[PDB]
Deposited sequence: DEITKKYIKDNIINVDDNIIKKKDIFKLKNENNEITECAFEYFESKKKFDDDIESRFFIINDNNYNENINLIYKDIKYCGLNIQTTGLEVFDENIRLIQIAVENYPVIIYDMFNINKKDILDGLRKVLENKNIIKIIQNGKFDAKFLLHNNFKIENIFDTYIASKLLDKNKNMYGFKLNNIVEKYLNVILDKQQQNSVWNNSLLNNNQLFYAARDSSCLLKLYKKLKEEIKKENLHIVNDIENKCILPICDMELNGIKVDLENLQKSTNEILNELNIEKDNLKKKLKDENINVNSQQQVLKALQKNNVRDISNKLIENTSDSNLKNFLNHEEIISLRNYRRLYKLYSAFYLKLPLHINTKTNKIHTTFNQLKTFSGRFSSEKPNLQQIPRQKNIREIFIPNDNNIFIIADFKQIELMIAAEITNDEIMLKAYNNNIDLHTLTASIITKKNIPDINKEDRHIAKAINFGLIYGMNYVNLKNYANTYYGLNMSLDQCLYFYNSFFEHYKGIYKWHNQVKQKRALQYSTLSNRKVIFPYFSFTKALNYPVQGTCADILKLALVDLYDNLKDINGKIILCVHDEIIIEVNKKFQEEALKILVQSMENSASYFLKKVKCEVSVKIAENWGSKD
């Protein structure tokens, strides 16, 4: 009886809190005349002990009144959330789409009980309207579901990204919605309802009050977190990261197509190999054993049988440095040999363009340290390993040879990141195959820091201060648990690289729309895009200019170097 009171709206009154009510709301038509309209909404009987908007409109095919769309007139921002039947976008559907507009009940789109397009026209206009801020928690997740269900969205403020940046990698956990709301608003949402079955055709009264509340809280969170972001001078990094959601979604949705012929043929090749090595019976066996078991055995599990592609998961802020991380599969863990890389290929009538930054870590070090010899050397287009070779050997560039440059690579990568001369001996002889003496390495140390005075000043200022707070050129921030000299030198370089790559993906995303380019992959200091073969030379220019513009945003005293190649596979 009471349970059956609002089946008309596909709701179940399990308890006795849900009450339907009708009242007039304050609204305005296009002619700047106050049309105050009547609407039917739902409110709890037991009042919540907080100011979070718990009331809501529910939209369905039955009780659709067009005038709720006019709530969106002249808004500047709105809370946005969805409720899904699961996590995997391809294998799941959006159950609810909630829109929280300030000082009104939460508008909830019942997607399982709407089969007409005209209702969603109001929603689609809001989401496309670049002049509305969409406050979201877990913006990549929601944006993926919307983009896959043909919705379009621009202009996002992700409370997860804001909460992570403000945390400065002091915590691994505590970035769920209930955690963030408990922290910044001191409110405990009903986190049981995250697990509750949204695949039901009807929904219970507690589910929808959770639905509404978990969107309306975003308005208060937006005020608190935007203020906190501005206090900590994190607006530049937070703004880049929010804009970077959409390129990330483009990568996770586009995926990368796989050549199953060379994959299976290659897998049979490794079979014949390791069986033949057992017949011949550490070097070749563990090579084949890991190459098979790590690569050729696990990669078949990730490809989608229908589409012949891998859709990896890109993490945005789950690293110390701030660089992207990838998992399921970890794209950086793919072997760098060409025989395997060539398996990954474009789609039909498309082609890869692949661009790498060159020496960007060293250039960033020159920038931030103001090292005169390095900066003027880069401006003259003199290679830094050639430069160090000249300083060490005291020879001129026409006399420097490949052996000198090799020792110089060990000296630069060794000493720039904080190694002493003993660690330089072990580092060079291990990773570069030299046999340097400790007297020679001591000469390299004194000569290197005698000439590179900015780098020397950088190292001694860090070692003297023993600080824990460190930052990048985007003002991304980290707080160390304890002082580590090498980590302290590594953070501004690597974190500025992450800033450059992420902003490059933002500009690249906005620029590739005309040719309908697809962003595929970002690993280390490399970016891969797909375009139809007619836009080949064009997309070459778009990619290089986007990456250069990002590096030009952050770096003033040094011009980056992009190496770009067009390819029909990753291994080229």
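> Point out each run of deposited residues with no C-alpha coordinates, keeping the order of the sequence.
Comparing the full sequence with the modelled residues, the uncovered ranges come out as 1, 283-335, 627-628.
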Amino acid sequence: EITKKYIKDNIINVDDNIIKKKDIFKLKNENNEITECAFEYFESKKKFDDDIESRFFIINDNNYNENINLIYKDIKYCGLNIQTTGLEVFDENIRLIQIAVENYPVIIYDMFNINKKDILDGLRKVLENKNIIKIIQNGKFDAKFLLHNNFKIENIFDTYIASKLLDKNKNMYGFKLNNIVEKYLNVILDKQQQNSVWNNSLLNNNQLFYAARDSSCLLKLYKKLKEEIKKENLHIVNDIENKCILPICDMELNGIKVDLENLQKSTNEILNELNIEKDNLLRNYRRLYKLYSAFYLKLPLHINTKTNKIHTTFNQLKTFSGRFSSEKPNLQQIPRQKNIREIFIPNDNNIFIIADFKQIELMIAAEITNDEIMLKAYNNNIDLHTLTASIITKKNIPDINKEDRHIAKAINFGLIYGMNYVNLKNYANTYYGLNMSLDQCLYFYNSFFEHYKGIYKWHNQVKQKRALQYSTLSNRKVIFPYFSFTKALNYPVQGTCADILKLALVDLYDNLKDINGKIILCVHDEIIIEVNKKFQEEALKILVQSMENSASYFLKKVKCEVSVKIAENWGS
From here on, numbers count along this sequence of modelled residues.
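> Can you let me know which of the two, 322-330 or 307-315, has the higher average C-alpha B-factor in the entry?
The recorded data point to 307-315.
> Taking only the CA atoms, which stretch has the higher mean B-factor in the record, 459-467 or 253-261?
Stretch with the higher mean C-alpha B-factor: 253-261.
> Which one, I397, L221, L234, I270, has the peak C-alpha temperature factor per the PDB entry?
Most elevated C-alpha B-factor of the set, per the entry: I270.
> Tell me, please, which of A498, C244, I180, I343 has the highest C-alpha B factor according to the deposited entry?
Comparing C-alpha B-factors across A498, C244, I180, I343, the top value belongs to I343.
> C-alpha B factor of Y491, ranked within the chain: lowest, middle or highest third?
Tercile = lowest for this residue's CA B-factor.
> Please say which third, lowest, middle or highest, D110 falls into when its CA temperature factor is compared across its chain.
For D110, the deposited C-alpha B-factor lands in the highest third.
> Comparing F157 with the other modelled residues of its chain, is its CA B-factor in the lowest, middle or highest third?
CA B-factor rank for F157: lowest third.
> Is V564 in the lowest, middle or highest third of its chain when residues are ranked by C-alpha B-factor?
It falls in the middle third of the chain.
> If you rank every modelled residue in this chain by C-alpha B factor, which third holds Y285: lowest, middle or highest?
Top third by C-alpha B-factor.
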